[PDB]
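Peer 1: Here's my sequence, what's the structure:
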Amino acid sequence: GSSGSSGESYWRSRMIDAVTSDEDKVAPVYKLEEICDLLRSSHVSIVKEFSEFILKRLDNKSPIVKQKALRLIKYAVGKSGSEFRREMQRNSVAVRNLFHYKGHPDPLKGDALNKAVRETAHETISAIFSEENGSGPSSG
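Peer 2: Residues are numbered from 1 along each chain as shown. Take a look:
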């Protein structure tokens, strides 16, 4: 239009970083939903941008950073829109690649940091390839 495809920003990455930061502590929900808010408020050219910042977090070298994305993703997948859900489907392999993540143990937390990744990825795929009212007739 006036504004068009012309609509990138660097700041949107900072929101994903804020909720994926490198500590044994977790982000509150309200910081997650801000990302979900922007993507509804924003065009496809912005979903593209955002989705990569979220996805490339599974490609990041820490237990924590990954698990944090796996709490964020599903929450936004079931809120944002058509564009965003399929952009997660384009890049879902990275999440899937964590179903059996291990890496190395902690002196106190033991396996818990890496295990927290390894389970949460399943729930994430349960949202990436969610179906519109797709349970109900499911049994077991």
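
Peer 1: which residue ranges form the strands in this protein?
Peer 2: With DSSP state E, there are no strands along the chain.

Peer 1: Do you have the helices of it handy? List them.
Peer 2: Ranges of helices in the chain, per DSSP state H, are 11-18, 29-41, 44-55, 63-77, 82-89, 93-96, 112-128.

Peer 1: In the protein, which residue is most central in space?
Peer 2: Nearest residue to the geometric centre of the chain (C-alpha atoms, centre = their mean): residue 73, 2.7 Å.

Peer 1: what's the neighbour count on the residue nearest to it when sequence neighbours are not counted?
Peer 2: Setting aside the residues directly before and after it, residue 73 is nearest to residue 124 in space (C-beta to C-beta, 6 or more residues apart in numbering), at 5.0 Å. Yep, even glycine has a C-beta here, placed from its N, CA and C like the rest. Neighbourhood size, residue 124 [other C-beta atoms under 10 Å]: 26.

Peer 1: Contact partners for residue 124?
Peer 2: Counting by C-beta atoms under 8 Å, 6 or more residues apart in numbering, residue 124 touches 70, 73, 74, 95.

Peer 1: gap between the nearest residue in space to residue 53 that is not next to it in sequence and residue 6?
Peer 2: Nearest non-adjacent residue to residue 53, counting by C-beta to C-beta, 6+ apart: residue 16, 4.2 Å away. Separation of residue 16 from residue 6 (C-beta to C-beta, to the nearest Å): 22 Å.

Peer 1: who's more crowded, these two?
Peer 2: Taking other C-beta under 10 Å, residue 16 and residue 6 do not tie; residue 16 has more neighbours (22 against 8).

Peer 1: hmm, back to that, now for the helices of the chain, which one comes closest to residue 105?
Peer 2: Closest to residue 105 of the helices of the chain is helix 112-128 (C-beta to C-beta; 7.4 Å).

Peer 1: Fine, thanks again, bye for now.
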